[PDB]
Every structure is written in C-alpha cells, then in structure tokens.
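Here the structure is laid out as structure tokens; the discussion comes afterwards.
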Amino acid sequence: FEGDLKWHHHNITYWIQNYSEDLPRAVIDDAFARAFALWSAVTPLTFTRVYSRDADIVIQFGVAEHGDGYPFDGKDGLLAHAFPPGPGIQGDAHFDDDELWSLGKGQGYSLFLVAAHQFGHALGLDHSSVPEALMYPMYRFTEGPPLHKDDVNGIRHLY
Ligand SMILES: O=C1NC(=O)C(c2ccc(Oc3ccccc3)cc2)(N2CCN(c3ncccn3)CC2)C(=O)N1
Ligand SMILES: [Ca+2]
Ligand SMILES: [Ca+2]
Ligand SMILES: [Ca+2]
Ligand SMILES: [Ca+2]
Ligand SMILES: [Ca+2]
Ligand SMILES: [Cl-]
Ligand SMILES: [Cl-]
Ligand SMILES: [Cl-]
Ligand SMILES: [Zn+2]
Ligand SMILES: [Zn+2]
C-alpha cells in the first residue's frame, strides 16, 4: 500500500461513510477530526468534512472482505489500511471493525492514534524507521504529542 503520488491540492476533504459499533458517533467524529488536526497543525493542509462520495478521503469501517482485494483478518493483526493519494479508492482509509475500538489507556486500540497513522498513509507518508514516531508500523499506546519530529519532517517534505 505504498505509493509515489501526493495530493496536488491542500484543501483536503473527507467523508465518514459509516461507523464502528464500539464508540458513539460523536466520539468517532471527534477522534477523526482530532487526528486530521495533528497533520494540519504542522502544514498548510486543511481537512474539511463533507457528505459526498467525492471526498478525497472516504472513511469506512469494515470486516473481513469489504470490496478491495485486501480483506481484514479479524481481531488484532492488521488494524486498518489506507490508500496513498490519487483518484477513486486512492486516499481512502479503512478500519477493521473486528478490532475493539477505544481511546486512551486500556484494552482495545485507540481509534485516534490509529486514524492519525492511517491519515499519514492517506497523505502519502510511508512507514518510519523511528520507533517513537507515529508512522512506525507498531501499535503502542503512549501519552504525549502523537507526532514525532520525524513525522513532522516527513509530512512537511511533501506539503
Ligand atoms: O496501514 C497500516 N500500517 C500499520 O503499521 C498498522 C498499524 C496501524 C496504526 C498504528 O498506530 C500506531 C502507530 C504508532 C504508534 C501508535 C499507534 C500502528 C500500526 N500495523 C498494525 C500491526 N501490524 C502487524 N501486527 C501483527 C503482525 C504483523 N503486523 C502491522 C501493520 C496497520 O494496522 N495498518
Ligand atoms: Ca496548518
Ligand atoms: Ca479517495
Ligand atoms: Ca484485524
Ligand atoms: Ca469493533
Ligand atoms: Ca484503548
Ligand atoms: Cl454506520
Ligand atoms: Cl488531540
Ligand atoms: Cl487516545
Ligand atoms: Zn479496505
Ligand atoms: Zn502503516
């Protein structure tokens, strides 16, 4: 799921197609909004929620096979995936609803942190080799600003 294209515009739009049964819709909406805010905080990018399939980043929760040729694997393992910039499915973010979605310390996975990571992918970032960076391919909950200098350097290099 690695690509070589970046968005040719900075006013990015996203559409929350559906939701997970683990969290209230208001909490989900807010987690996604806060995740995007992390990236717009260090770049000239903006993220506007829309209600149309024409959004750049379409967000959906799915289980096992869900359309694209990359079905989820149930509890744990693959948590989600996002397609790099481009038209159509490109740029979209899919979350495995077989996971226990939560926030903060505790069991389950933070939808906030995972979304922030997935949106990094949706923006064209690849994985980071820095263990403490958000783009590091390993889920670990920790307090503190999600973006590491490496993440900031990486996203600014693109936008
Ligand atoms: O697009 C991706 N990219 C990933 O690296 C992914 C994942 C998604 C989001 C993550 O959030 C995160 C990243 C850094 C710090 C805190 C939280 C961490 C890991 N990991 C999850 C763990 N996954 C893995 N798990 C078990 C066996 C093999 N691989 C590798 C991919 C993922 O689910 N989707
Ligand atoms: Ca900004
Ligand atoms: Ca798209
Ligand atoms: Ca899974
Ligand atoms: Ca779930
Ligand atoms: Ca949790
Ligand atoms: Cl729904
Ligand atoms: Cl926040
Ligand atoms: Cl959190
Ligand atoms: Zn998918
Ligand atoms: Zn990743």
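Mind the numbering: the sequence shown is residues 110 to 215, 391 to 443 in the entry's author numbering, read in order.
All residues carry an ideal CB built from backbone N, CA and C; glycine is no exception.
Check your understanding: So what's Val414 in DSSP terms, helix, strand or just coil?
Key -> Looking up residue 414 in the sequence shown gives position 130. It is coil, neither helix nor strand.
Exercise for review: Check residue 475 in the structure and name its three-state DSSP category.
Suggested key: No statement about residue 475 is possible, as the shown extent of the chain runs from 110 to 443 and does not include it.
**Study point:** Neighbourhood of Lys115 by C-beta, 6 Å cutoff - its chain only, sequence neighbours within 5 removed
**Key:** Walking along the sequence shown from the start, residue 115 turns up at place 6. Closer than 6 Å at the Cβ level, and outside the excluded window around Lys115, lie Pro194, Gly408, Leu442.
Review point. Measuring CA to CA, which of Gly213, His203, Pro196 is closest to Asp177?
Key: Indexing the sequence shown from 1 puts residue 177 at position 68. Comparing Cα-Cα distances from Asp177 to each of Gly213, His203, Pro196, the minimum goes to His203.
**Study point:** Reduced DSSP category for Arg158 - H, G, I as helix; E, B as strand; rest coil
**Key:** Taking the first residue of the sequence shown as position 1, residue 158 is located at position 49. Correct three-state label for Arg158: strand.
Exercise for review: Sort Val151, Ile125, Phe110, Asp131 by Cα distance to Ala142 and report the nearest one.
Suggested key: Along the sequence shown, one-based indexing puts residue 142 at 33. The residue with the shortest Cα to Cα distance from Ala142 is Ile125.
Review point. Name the DSSP bridge partner or partners of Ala189?
Key: The residue given as residue 189 occupies position 80 in the sequence shown. Paired residues: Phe204.
Review point. Rounded C-beta distance between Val414 and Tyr420? I'm assuming under 8 Å.
Key: The sequence position of residue 414 within the sequence shown is 130, counting from 1. The sequence position of residue 420 within the sequence shown is 136, counting from 1. Sure, about 6 Å apart at Cβ, within 8 Å.
**Study point:** Candidates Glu174, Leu212, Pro430, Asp435: closest to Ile137 by CA position
**Key:** The residue you call residue 137 lines up with position 28 of the sequence shown. The shortest C-alpha separation from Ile137 is found at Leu212.
Point to revise | Among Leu209, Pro153, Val398, the one whose alpha carbon lies nearest that of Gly392 | key: Taking the sequence shown and counting its residues from 1, one reaches residue 392 at position 108. The closest CA to that of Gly392, considering only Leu209, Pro153, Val398, is found on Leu209.
Review point. Between the Cα of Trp148 and the Cα atoms of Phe425, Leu395, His405, which residue gives the shortest distance?
Key: If you number the sequence shown from 1, residue 148 lands on position 39. The option with the nearest alpha carbon to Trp148 is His405.
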